[PDB]
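Participant: Show me the folded form of this:
(one chain, ligands or ions: 3)
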Amino acid sequence: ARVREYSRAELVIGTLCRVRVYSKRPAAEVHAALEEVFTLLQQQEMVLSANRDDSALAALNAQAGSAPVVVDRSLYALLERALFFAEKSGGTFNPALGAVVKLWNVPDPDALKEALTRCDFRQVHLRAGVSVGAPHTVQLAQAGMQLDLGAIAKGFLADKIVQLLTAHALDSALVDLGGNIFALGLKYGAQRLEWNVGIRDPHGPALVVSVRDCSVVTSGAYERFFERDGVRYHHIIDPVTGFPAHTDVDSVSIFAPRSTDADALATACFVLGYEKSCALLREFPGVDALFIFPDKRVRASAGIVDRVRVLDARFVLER
Ligand SMILES: Nc1nc(Cl)nc2c1ncn2[C@@H]1O[C@H](COP(=O)(O)OP(=O)(O)O)[C@@H](O)[C@H]1O
Ligand SMILES: [Mg+2]
Ligand SMILES: [Mg+2]
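Facilitator: Numbering: from 1, shown residues only. Ligands and ions are numbered 1, 2, ... in the order given. Below, you will see the structure:
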């Protein structure tokens, strides 16, 4: 049985999604798995998207202030994890920030102060009965509050894809959802090697990190922004100010066995800045982190620093 390499990519969930697979299984089996990957992404766009009017999330937001809404167990589990990170991050990750995000999607100061009164994630009530077949429900108790899962959905979907690939007996893959990476297993050279994941120059890869069975997710200011009167406004909001976060790092990359967790923590850490991020990350010892600073210094945690290679010599890896 010969090793074959396959890839497939499509525009879906608002970005370019690519999956690369190495396998000795029959090609028809790999093709079927990749078909199901991209069917899954299409279906989940219709569940999770905060920027379509016809998604399940949009339907849920339309019921803010009203009765509990039945959701499927997958969406419930994502919300559960999002609220966990909201609590652990001290609200710097906030999945109930849609009222503010939608205004930035420069907004007026009062209009903005008003939106900030409708972002209390502690008013998202998840309830699920314990008896057989009991429904999962979500209630948004604060009128006008709006969920936005943009800071965790790609991580969640990368995890779901890894689960699907493994269900199809695939153990070597590179999942790339708009730069939200999961490195499954080892790649092939007959040698088996770690996947080499590049991290971009925030102002541009600058660095490459060798990983196995690991998600690599980066949050940064220069991923998405607009400019007005000489000021840049990026897409990661500080929930305290309602404005794009002022932070001492240009990007944070999180390395975690679950992409859901890497994505949420990457956003939280960006808002928190370097010193508070290191404190938070002590609570997640199975996670590693790499920080790129505006002066092009790079700091990486002990679990990954020996796997980091600088490709752009303007950057310096502190050891
Ligand atoms: N403090 C915050 N907490 C949370 Cl919970 N969500 C936030 C947030 N500020 C913005 N958002 C939303 O989340 C996306 C960024 O999510 P990201 O993973 O950091 O960046 P990428 O898009 O490159 O993956 C943005 O567009 C917004 O929709
Ligand atoms: Mg995120
Ligand atoms: Mg993300």
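
Participant: residues contacting the residue nearest to the spatial centre of the chain?
Facilitator: With distances taken as C-alpha atoms, centre = their mean, the residue of the chain nearest its centroid is residue 263 (3.0 Å). Applying C-beta atoms under 8 Å, 6 or more residues apart in numbering, we find residue 263 in contact with 151, 152, 153, 154, 155, 156, 158, 180, 215, 217, 254. Heads up, the C-betas are built off the backbone N, CA and C, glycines and all.

Participant: What of residue 286?
Facilitator: 256, 257.

Participant: just residue 162 next, same as before
Facilitator: Residue 162 sits next to 173, 175, 182, 184, 259 when contact means C-beta under 8 Å, 6+ apart.

Participant: Can I take it that it is in a strand?
Facilitator: No: if the criterion is DSSP: H, G, I helix; E, B strand; the rest coil, then residue 162 is helix and not within a strand.

Participant: Give me the distance between it and residue 313.
Facilitator: Residue 162 sits 34 Å away from residue 313, going by C-beta to C-beta, to the nearest Å.

Participant: what do you get for residue 95?
Facilitator: Distance from residue 95 to residue 313, counting by C-beta to C-beta: 39 Å.

Participant: name the element the closest residue to ligand 1 within the chain belongs to?
Facilitator: Residue of the chain nearest ligand 1, by C-beta to the nearest ligand atom: residue 150 (2.9 Å). Using DSSP states H and E, residue 150 falls within no helix or strand.

Participant: Check residue 289 too.
Facilitator: Under the assignment here (DSSP H and E), residue 289 is part of strand 288-292.

Participant: Check residue 78 too.
Facilitator: Assigning secondary structure by DSSP H and E places residue 78 in helix 73-88.

Participant: quick revisit: list the buried residues in the strand holding residue 289.
Facilitator: Neighbour-count burial for strand 288-292 flags 288, 289, 290, 291, 292 (criterion: 16 or more other C-beta atoms under 10 Å).

Participant: Residue 68: neighbouring residues, count only.
Facilitator: 16 (other C-beta atoms under 10 Å).

Participant: isn't it right up against residue 137?
Facilitator: Yes: between residue 68 and residue 137 there is a contact under C-beta atoms under 8 Å: 3.9 Å.

Participant: Between these two, which contacts overlap?
Facilitator: In contact with both residue 68 and residue 137: residue 127, using C-beta under 8 Å, 6+ apart.

Participant: who in the stretch 101-250 of the chain is up against ligand 1?
Facilitator: The stretch 101-250 of the chain has residues 101, 148, 150, 151, 154, 219, 223, 235, 236, 237, 239 near ligand 1, with proximity defined as C-beta under 6 Å from any ligand atom.

Participant: one more time with 5 Å
Facilitator: 101, 148, 150, 151, 219, 223, 235, 236, 237 (C-beta under 5 Å from any ligand atom).

Participant: and the two most separated of these?
Facilitator: The most widely separated members of these, counting by C-beta to C-beta, are 148 and 223 (15.8 Å).

Participant: which one of the contacts of residue 263 is nearest ligand 2?
Facilitator: Checking those against ligand 2 with C-beta to the ion, the nearest one is residue 151 at 3.7 Å.

Participant: Not counting sequence-adjacent ones, nearest residue to that closest one?
Facilitator: Nearest residue to residue 151, sequence neighbours excluded (C-beta to C-beta, 6 or more residues apart in numbering): residue 267, at 4.1 Å.

Participant: I'd assumed residue 220 was in contact with that neighbour.
Facilitator: No: counting by C-beta under 8 Å, residue 267 does not reach residue 220; the two are 10.4 Å apart.

Participant: Give me every residue in the stretch 101-250 of the chain lying close to ligand 2.
Facilitator: Residues of the stretch 101-250 of the chain found near ligand 2 (C-beta under 5 Å from the ion) are residue 151.

Participant: Alright, that wraps it up for me.
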